[PDB]
Every structure is written in structure tokens, then in C-alpha cells.
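Q: Need a 3D model of the sequence below.
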Amino acid sequence: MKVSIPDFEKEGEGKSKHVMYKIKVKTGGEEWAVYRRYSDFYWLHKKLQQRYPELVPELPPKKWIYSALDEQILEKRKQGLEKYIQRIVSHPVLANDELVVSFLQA
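A: Residues are numbered from 1 along each chain as shown. Below is the structure:
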């Protein structure tokens, strides 16, 4: 399983600016995308860390981000979340964990 995060996207209203990260997932000759917020990654991390504290990599940190205004902050978070999820899928045991399978397919 090969994963990457080519882009982030802002979805919603104007008052509920939320940022979602587009995760591109390849396995065999199949490819699809899922969209996930930082808070989705944070929940995944906390639950995985309970199961496999030895294997879970460092998650990019929580931040006060004003209005999602700062794209420079978002580009760095995108990059960090990409390294994070790549590291997860590099461990067969995590890649096959039901949480991760759901995270990457739902």
C-alpha cells in the first residue's frame, strides 16, 4: 500500500472553514482517495497509540491556526501528515489494523 497527500482543500461555508487533506491510496493496480481532517488523524493516532505504542510515529502537533488563514502552516502540516501516514502503512501490522483500513477506505 502506497499513500500520499497531494493537496489540502477547504470545504464548508465561510464561517465553518475546515481543512481536509486528500489522501491518495494505491494498492496493486487500484487507486482511490479519501479526505480527512487533522482531527481525524488525531483520533486515529490516539487509538493506535493505545494498541501499538512502540510502532506509532510522532503525529504533527496541535496548533492554533487563525481562520485557517495561514497556507504556509497548512503546507507544512500537509507534509507532516503525509510522512505520518506513510510511516503507518510501512508497518504491516498497522496497515492491516481495522482502524487504519477504515481510515484509508471509508
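
Q: Do I have it right that residue 27 meets residue 1?
A: Yes: using Cβ atoms under 8 Å, residue 27 makes contact with residue 1 at a distance of 4.7 Å. Every residue, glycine included, has its C-beta placed from N, CA and C.

Q: For this structure, which segments are assigned as helices?
A: Assigned by DSSP state H, the chain shows helices spanning 38-51, 71-89, 92-95, 98-105.

Q: Could I get the ones you listed in TSV, plus columns for distance to residue 8?
A: Output for those, formatted as TSV (distance: least, Cβ to Cβ, whole Å):
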stretch	distance to residue 8
helix 38-51	10
helix 71-89	5
helix 92-95	23
helix 98-105	17
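
Q: Residue 10 is nearest to which of the ones you listed?
A: When the helices of the chain are compared by Cβ to Cβ, helix 71-89 sits nearest residue 10, at 8.9 Å.

Q: Touching the closest one from outside, list them.
A: Helix 71-89 is contacted by residues 1-5, 7-8, 19, 21, 23, 38, 41, 45, 48, 56-60, 63, 65, 68, 94-95, 100, 104 when judged by Cβ atoms under 8 Å, 6 or more residues apart in numbering.
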